[PDB]
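K.L.:
Here you go, one structure.
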Amino acid sequence: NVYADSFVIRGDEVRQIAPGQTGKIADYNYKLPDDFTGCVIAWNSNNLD
Amino acid sequence: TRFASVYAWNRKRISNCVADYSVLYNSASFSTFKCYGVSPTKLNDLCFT
Ligand SMILES: CCCCC/C=C\C/C=C\CCCCCCCC(=O)O
């Protein structure tokens, strides 16, 4: 059951995309479960955005 | 305004206050934040000595 979720954030908030993290993004915007099975991918897009 | 040098680092005591770090969500962004003997998601329900 494959799903792909996409969005944009700033550079130093990429560390908050993990199962057990706290902060502005992990609290009010996007949270991952503790029993997560998947992969997390990010890359710089300073040219486009 | 000005921080100390690494060889002569500083140290101050914190006591008699309430730890509410949500007030930092609009002023400061941290590239590094790691905790060791506790979980980041449990800091809201504890008391410190
Ligand atoms: C100088 C006051 C010290 C605070 C009182 C001491 C301990 C309180 C408990 C944990 C420290 C809070 C970390 C704040 C930075 C995390 C911000 C974030 O969520 O990204």
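Going line by line, the protein sequences match chains A and B.
The opening position of the first sequence corresponds to residue 394 in the UniProt record's numbering, with each subsequent residue numbered one higher.
The opening position of the second sequence corresponds to residue 345 in the UniProt record's numbering, with each subsequent residue numbered one higher.
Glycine residues also receive a C-beta, built at the ideal position from the N, C-alpha and C atoms.
List, in chain order, every chain B residue whose beta-carbon is nearer than 9 Å to that of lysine 424 (chain A).
P.N.:
Result: empty, since nearest Cβ-Cβ is about 10 Å, beyond 9 Å.
K.L.:
Ligand 1 and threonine 415 (chain A): does the residue's C-beta get closer than 6 Å to at least one heavy atom of that ligand?
P.N.:
Yes, since a heavy atom of ligand 1 falls inside the 6 Å radius drawn around the Cβ of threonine 415 (chain A).
K.L.:
Determine which residues of the region 408 to 419 of chain A have a Cβ less than 7 Å from any Cβ of chain B, and write them out in chain order.
P.N.:
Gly413, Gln414, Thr415, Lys417
K.L.:
Closer than 9 Å by beta-carbon distance: list the chain B residues that pair up with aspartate 442 (chain A), in chain order.
P.N.:
The premise fails here: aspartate 442 (chain A) is roughly 17 Å from chain B at the closest Cβ pair, so nothing lies under 9 Å.
K.L.:
Under 8 Å, with one C-beta from each stretch per pair, do the region 410 to 420 of chain A and the region 347 to 358 of chain B reach the 3-pair mark?
P.N.:
no
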